[PDB]
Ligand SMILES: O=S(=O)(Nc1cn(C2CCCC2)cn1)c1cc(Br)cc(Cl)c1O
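This document opens with one chain alone, in structure tokens, the form deposited without this ligand.
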């Protein structure tokens, strides 16, 4: 079976490259972040513009939702993270402590903590209520390209240009595993599978890989796209068929069959690098966003 994703909406408004798109867990909203220093909110099902959220002083590279869809955290070049109340648009907290650009961010499932990764080569863990840095992980020896909590928040996976993926025990800070193949290309994205058993990792050699991290083994490899320059998000599409979804530097959205590794769809329309894809939590919907010769978000819908 192959998906039949088809373009439903293009969403425009950001005045510079879009960095990140994320669907709210309750499925009503898409949040977009951009080099133009702005967060924008759109309806998930029609892409209707809802509001702009602002306050960061430099461009934004990531945004993530709290589990209750009430809060957003953003990661900015201004070396801060901001906790936002979506409904009011106010900045609730400014998270300071990184000494270089903040590049990536995520809530834990309970949404009482935020993880961040920075150009300063560290991972930071933040208390959402107080906005205080709980812990700093000297996580890597190069910029941290992604950080992600597992299904219950007890683990953090980070990726870095130093070529490593590291799994951290959230509470103890201990590095439980360091993962690397037989080469060391920069790792530009990583995230746990929904079941927590795997990490999906992008490396800047045009390769995605599915690792059983417990066993420390690569179970699947996905190729055919173009990824050598940008930290492009990748997804497990789970609502219908089990796909792997990623943007690509040839301006396409790639969709692979997770089991077989075959490319099953390529979504055309973007006119620049598709930096970010997101999968709707209940509907077979993909959101994708592109860099500075495009600056738009597209919503794609599939029957399966």
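Positions refer to the first chain, counted from 1.
Just so you know, the form solved in complex with this ligand exists too; it's not on screen, but the next bit is about it.
Contact check for residue 219: a non-hydrogen atom falls within 4.5 Å of this ligand in the deposited bound form. Although the partner is absent here, residue 41 sits far enough away that none of its heavy atoms falls within 4.5 Å of this ligand in the deposited bound form.
Although the partner is absent from this view, residue 193 contacts this ligand in the deposited bound form, with a non-hydrogen atom inside 4.5 angstroms. This ligand is not shown here, but in the deposited bound form it comes within 4.5 Å of a heavy atom of residue 198.
Heavy atoms within 4.5 Å of this ligand in the deposited bound form are found in one stretch of 24-32, 41-49, 65-73, 258-266, which is 258-266. This chain appears without its partner; in the deposited bound form, the one residue of 175, 125, 210, 83 with a heavy atom within 4.5 Å of this ligand is 210.
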